[PDB]
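Visitor: Sharing a structure below in structure tokens format, with a few things to ask.
2 protein chains.
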Amino acid sequence: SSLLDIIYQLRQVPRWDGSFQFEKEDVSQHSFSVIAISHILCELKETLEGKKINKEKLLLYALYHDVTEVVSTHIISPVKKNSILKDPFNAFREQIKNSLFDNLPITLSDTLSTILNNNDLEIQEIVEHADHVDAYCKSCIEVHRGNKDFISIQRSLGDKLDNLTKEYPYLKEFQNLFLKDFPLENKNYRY
Amino acid sequence: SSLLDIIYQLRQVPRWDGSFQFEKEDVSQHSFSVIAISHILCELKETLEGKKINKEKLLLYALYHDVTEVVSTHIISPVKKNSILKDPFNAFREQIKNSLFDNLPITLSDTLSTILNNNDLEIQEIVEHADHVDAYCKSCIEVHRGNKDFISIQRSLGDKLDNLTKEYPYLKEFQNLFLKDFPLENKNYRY
Ligand SMILES: Nc1ncnc2c1ncn2[C@@H]1O[C@H](COP(=O)(O)OP(=O)(O)OP(=O)(O)O)[C@H]1CO
Ligand SMILES: Nc1ncnc2c1ncn2[C@@H]1O[C@H](COP(=O)(O)OP(=O)(O)OP(=O)(O)O)[C@H]1CO
Ligand SMILES: [Mg+2]
Ligand SMILES: [Mg+2]
Ligand SMILES: [Mg+2]
Ligand SMILES: [Mg+2]
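As they're listed, the protein sequences go chains A and A'. A prime marks a further copy of an entry chain. Counting from 1 along the first sequence, just add 1 to a position and that's the residue number in the entry's author numbering. Counting from 1 along the second sequence, just add 1 to a position and that's the residue number in the entry's author numbering.
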């Protein structure tokens, strides 16, 4: 199986092509953050909307949500969501899923097929939101480092996030708990 | 809460201090790999030992398993496991857990307390094994890059892993599926 190789190969997939970064980010760092944010959003959504989400399925979907970028590389959103490339890329992404599981055990084959051909719409929603939050957090850190080139990126991501908070209350709560003072200038927890 | 800041601050905690690396590794990259390896080991253990593990608790424990290193930094194993520092570091690690959850919601407070003061011995075993596997994988990649300084590291980690495979059959199966050809020189899955 290529599965373990792929997990480490995600470190070789850079994000934010075409933008200057004080700290270069790869897909593995991004996916770690998306898993943790997905967990936090899920806890808030459960308490606010009176439900229980299957956290196993959620975390595993977050874990592998960008795994197809080992083949496609990471295409930034202004290119991926262009009306010319929008549907073609989604078709490309779908061909990648149908080609990765090889020489695996059946429980591994099935679990990975379940994850990669997921049809749980709410888990897909939570991870999509966690993905936007993480992008916003990255832009916050770069601006904090002094990167003027991310100011406009922070503004459009922030504008989109503000719109989402009006329609998804668990996102507004996340914003209130974490995103109004981020990153922390004084990391008092170290001492 | 410092929780979201801490998740991104783990990128500033380097591993393998005192060894030359062709690719510098941080705790967030390492934890992403440990989560995925924990999942794979858990699937194999379930099939081989006839059980079902709580994957929510497992994945969340893997996710935060080194979170206290935002305070302690990453102390390499030959120093941490020295008979002088062994018990003191464990006591230090325990003081760190009792100081991190602040201004959180109760469901977040409790979930994080559950995770950080875990007493599920088998989940702790799986993640400890995934942690050794990941260290072995890193040494394999460095040696593959041509790093002669990791040859001796690869050998002691490999020797320890071989011993573990004699006592934990799910580890031997993982070794047979993934660790006998790692990393892949020819990444055919990209094409
Ligand atoms: N303003 C921007 N300028 C340049 N690149 C951007 C910008 N915003 C995002 N990116 C890059 O695209 C990556 C992901 O961003 P995001 O998640 O917000 O966009 P999508 O959800 O539409 O794309 P996705 O489905 O692939 O996640 C991000 C870093 O490379
Ligand atoms: N031979 C080595 N030489 C130098 N550093 C090493 C070596 N082996 C491991 N390290 C570094 O220690 C980190 C973790 O290694 P490992 O997980 O195998 O050791 P422990 O399980 O005993 O330590 P832990 O409880 O903190 O995980 C690793 C990279 O920094
Ligand atoms: Mg996105
Ligand atoms: Mg993503
Ligand atoms: Mg270890
Ligand atoms: Mg670890």
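For every residue, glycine included, the Cβ atom is placed at its ideal position computed from N, Cα and C.
#1: DSSP puts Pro15(A) in a beta bridge; with which residues?
#2: What number of angstroms, rounded off, separates the C-alpha of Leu101(A) from the C-alpha of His66(A)?
#3: Is the stretch 125-142 of chain A touching the stretch 168-184 of chain A, taking contact as three or more C-beta pairs under 8 Å?
#4: Which chain A' residues are close to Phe183(A), counting only those with a beta carbon under 9 Å from its beta carbon?
#5: Leaving out five residues before and five after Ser29(A) in sequence, what residues of the same chain have Cβ atoms less than 6 Å from its Cβ?
#6: Where does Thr108(A') land, buried or exposed, given buried means 16+ other C-beta within 10 angstroms?
#7: Output the distance between the C-alpha atoms of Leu178(A) and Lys167(A), rounded to the nearest integer angstrom.
#8: Going along the chain, which residues of the stretch 40-52 of chain A' sit with their C-beta nearer than 8 Å to a C-beta in chain A?
#9: Quick check: residue 254(A') and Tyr171(A'), are their CB atoms within less than 8 Å of each other?
#10: Kindly say whether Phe179(A'), judged by its beta-carbon, lies nearer than 8 Å to any beta-carbon of chain A.
#11: Taking only the alpha-carbon atoms, compute the straight-line gap between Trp17(A) and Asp132(A') and give it to the nearest angstrom.
#12: Can you give me the start and stop residues for the alpha helix (DSSP H) that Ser78(A') sits inside?
#13: Would you say the beta carbon of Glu26(A) is closer than 7 Å to some non-hydrogen atom of ligand 7?
#14: Verify the CB distance criterion: does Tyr190(A) have a CB-CB separation below 8 Å to chain A'?
#15: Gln125(A') lies in the alpha helix (DSSP H); which residues open and close that run?
#16: To be precise: take each residue of the stretch 136-155 of chain A', compare its Cβ to all Cβ atoms of chain A, and keep it if any distance is under 7 Å. Which residues remain?
#17: Using a Cβ-Cβ distance under 8 Å, would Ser110(A) count as near chain A'?
#18: Cβ of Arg12(A') less than 8 Å from any chain A Cβ?
#19: Is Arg12(A') near ligand 1, in the sense that its beta carbon is under 7 Å from a heavy atom of that ligand?
#20: In or out: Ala136(A') buried (at least 16 other Cβ within 10 Å) or exposed?
#21: Taking the alpha carbon of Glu24(A') as the reference point, which residue from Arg146(A'), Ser2(A'), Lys58(A'), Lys53(A') has its own alpha carbon closest?
#22: Near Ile152(A), what residues of its chain come up, given a Cβ to Cβ distance below 7 Å and the 5 sequence neighbours on each side ignored?
#23: Among residues of its own chain, excluding the 5 on either side of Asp121(A'), which ones have a beta-carbon nearer than 7 Å to its beta-carbon?
#24: Name the residues in the stretch 57-69 of chain A whose C-beta lies less than 7 Å from a C-beta of chain A'; which are they?
#25: Does DSSP put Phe179(A) in a helix, a strand or coil?
#26: Taking the alpha-carbon positions, what's the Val14(A) to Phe33(A) distance?
Guide: Put simply:
#1: Beta bridge pairing from DSSP links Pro15(A) with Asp27(A).
#2: Rounded to the nearest angstrom, the gap between the Cα atoms of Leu101(A) and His66(A) is 14 Å.
#3: Contact annotation: the stretch 125-142 of chain A touches the stretch 168-184 of chain A, with at least three C-beta pairs closer than 8 Å.
#4: Those within 9 Å of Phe183(A) in chain A' are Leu5, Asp6, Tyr9.
#5: Here the set comprises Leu11, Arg12.
#6: The residue is exposed, with fewer than 16 neighbouring Cβ atoms inside 10 Å.
#7: Cα to Cα, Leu178(A) sits roughly 16 Å from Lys167(A).
#8: Cβ contacts with chain A: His40, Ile41, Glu44, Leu45, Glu47, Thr48.
#9: Residue 254(A') is absent from the model: chain A' starts at 2 and stops at 192.
#10: Yes, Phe179(A') lies at the interface with chain A (some Cβ there is under 8 Å from its Cβ).
#11: Linking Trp17(A) to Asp132(A') through their CA atoms gives a straight-line distance of about 30 Å.
#12: Note, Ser78(A'): alpha helix (DSSP H), 78-81.
#13: You won't find ligand 7 in this model; what it holds is ligand 1, ligand 2, ligand 3, ligand 4, ligand 5 and ligand 6.
#14: With 8 Å as the cut-off, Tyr190(A) counts as an interface residue toward chain A'.
#15: Boundaries of the alpha helix (DSSP H) harbouring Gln125(A'): 122-146, taken from the DSSP string.
#16: From the stretch 136-155 of chain A', only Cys138, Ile142 have a Cβ closer than 7 Å to chain A.
#17: Contact with chain A' is absent for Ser110(A), since none of that chain's Cβ atoms lies less than 8 Å from the residue's Cβ.
#18: Interface annotation, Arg12(A'): in contact with chain A, CB-CB separation under 8 Å.
#19: No, Cβ of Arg12(A') sits at least 7 Å from all heavy atoms of ligand 1.
#20: Answer is buried; the Cβ neighbour count reaches 16.
#21: When only C-alpha atoms are compared, the closest one is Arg146(A').
#22: The residues are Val144.
#23: Closer than 7 Å at Cβ, skipping near neighbours: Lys58.
#24: Residues are counted here when their Cβ sits less than 7 Å from a Cβ of chain A'; for the stretch 57-69 of chain A these are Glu57, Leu60, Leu61, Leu64, given in chain order.
#25: Three-state DSSP puts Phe179(A) in a helix.
#26: Rounded to the nearest angstrom, the two C-alpha atoms are 14 Å apart.
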